[PDB]
């Protein structure tokens, strides 16, 4: 009878199995777990913490796998690679057979079924991975009554990760809806245009007087601005959570 895959105090090494190109700046990285029957086992709303040595110093970043909670023997990371981003460049230089050091689960989010009537999720870019993990857990549980509205914001149409997956979840589940926003939309776009606005949020989420938890993840200036909008709209800090 085996240990859980991750330990919250001690880093373990996990080997890169394979990688593939998603778009110009994004790749999918598949790592082996230590046993074919292991699963990652992240609690809802929690993440992996990864460490690497770069120029003789250790660097640390959080990641949320996009493989579903129940996938056996491996986990998948979708990683956007930044021009001067130390860890995404480190991971994008690993070859099959190389290792990544990982501990967890980490994170202060504390999920209980039906903890709120409504979740408003705001995601930019790879901010979708923590949202996808929470949403999946909610919609696949048939006792959950939580309504989920996602505002998913990117620059260009080709930046919209997991569009097919999200579109399928929304077709299949009454309680999950997605609103897409693009700084540079194509002609005939039916979604949001520009940055996420206070109007877009007021139109799509229940107001402060309802039982709502708003969750955000994206680049730090997007998180900063969402918090400004939630202040504008009258939500209190107890009603939101930034990953």
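Residue numbers count along the first chain shown, from 1.
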| Stretch exceeding the other in mean C-alpha B-factor - 94-102, 108-116 | 108-116
| field | Mean C-alpha B-factor comparison - 40-48 and 177-185, higher one | value | 40-48
| Candidate residues 155, 137, 81, 131, the one whose C-alpha B factor the record puts highest | 137
| field | Member of 24, 17, 224, 13 with the greatest C-alpha B factor (per the PDB record) | value | 24
| said: Based on the deposited C-alpha B factors for this chain, I'd like to know if residue 199 is in the lowest, middle or highest third. | reply: lowest
| Comparing residue 56 with the other modelled residues of its chain, is its CA B-factor in the lowest, middle or highest third? | highest
| request: Please place residue 160 in the lowest, middle or highest third of its chain by C-alpha B factor as given in the entry. | output: middle
| Which third of the chain holds residue 210 when residues are ordered by C-alpha B factor: lowest, middle or highest? | highest
| Among the chain's modelled residues, which third holds the C-alpha B-factor of residue 88? | lowest
